[PDB]
Structure formats: structure tokens, C-alpha cells
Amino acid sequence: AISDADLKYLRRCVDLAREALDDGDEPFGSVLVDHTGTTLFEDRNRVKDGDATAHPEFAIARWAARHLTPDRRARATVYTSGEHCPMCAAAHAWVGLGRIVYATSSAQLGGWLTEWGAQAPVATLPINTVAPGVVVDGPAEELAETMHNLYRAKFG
């Protein structure tokens, strides 16, 4: 299930990814939403200053650990422009966050990166290989070409 409301959040993730690209970082953005539908926290990739672990899903996991009780974490949704790498999927599950919705799969990105000779040093594992209990929805097919464009701008 990717609802109309889900797609709106995913479109905000894409806007954050573009913000990251325009700032010199890599095009990934993510938002954390409460069960009430209140946006709690938003972030984007910040690796350009030297720390390759500065992925927004990871920032969300640590933010949730600090600011939400486990019960609220479990009922929260994370939206992301790109499917959590294994680092971020593992962090998500460790802190006990709930549903993940992503725009493009890590398989999509890995395929595109392979076309450009830009493969990552971390494997493109689907979230549920890393985090078997997490409910995962995605990809949103309507956002494939849009995200491919941002990825190409960075890695192409």
C-alpha cells in the first residue's frame, strides 16, 4: 500500500534529495512521521564533509532513539527517497522504528550505478534481508525516472 498521503511524503523526500544534491552532497532525503501524521523530523544526506556514514535514515534512527519512547517509534513511519542501505536498515530495526516507505529500491540504484561504473562498497541488500520484521512498502514506480535523474546528476 502506497497511499496518496504516502506519495506526498515521498515527494518531500525527493525535494530533500535535490536539496542535498544542490548543496554538494548525495541525493537522499528522508522524513519521520508520527502516527497522527505530524512530521517529527526531516533530514538529507550530508556526506560531503568527510563522513560517509552521514545518511539521513541513520540520523532519523538516532533522533528517534533520543526523542521518542519505543511505543511511539513502533507507530512512526519513515519515508525515504532511496531504500535504506544495510547500515540504515539495521539502525532502524535496532531502535525499533516501524513502517518504511521508499521511492526507489536499492536494486534500482545498484543497477544504475553499475551502468555508470560507480558501485558502492556496501552490498545492495533489500531491507528485509537486514531487518526481517520491518514492514516495507516501495518502490513508488511513478518516482523512478525523477530519482534516476538526481542519481545520474551525482553519479553519472
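Just count from 1 along the sequence shown to find any residue number.
Colleague: Which of the two stretches, 117-125 or 55-63, shows the higher mean Cα temperature factor in the record?
Modeller: Mean C-alpha B-factor is greater for 117-125.
Colleague: Could you check which stretch, 66-74 or 84-92, carries the larger mean CA temperature factor in the entry?
Modeller: Going by the record's values, the stretch with the higher mean is 66-74.
Colleague: Among the modelled residues of its chain, does the C-alpha B-factor of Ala131 lie in the lowest, middle or highest third?
Modeller: As the PDB entry reports it, the C-alpha B-factor of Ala131 lands in the lowest third of its chain.
Colleague: Please rank the C-alpha B-factors of the chain's modelled residues and tell me whether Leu40 sits in the lowest, middle or highest third.
Modeller: For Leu40, the deposited C-alpha B-factor lands in the highest third.
Colleague: Going by what the PDB entry lists, where does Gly111 fall on CA B-factor within its chain: lowest, middle or highest third?
Modeller: Highest third - that is where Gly111 ends up once the chain's C-alpha B-factors are sorted.
Colleague: Place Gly50 in the lowest, middle or highest third of its chain's C-alpha B-factors, as listed in the PDB entry.
Modeller: For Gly50, the deposited C-alpha B-factor lands in the highest third.
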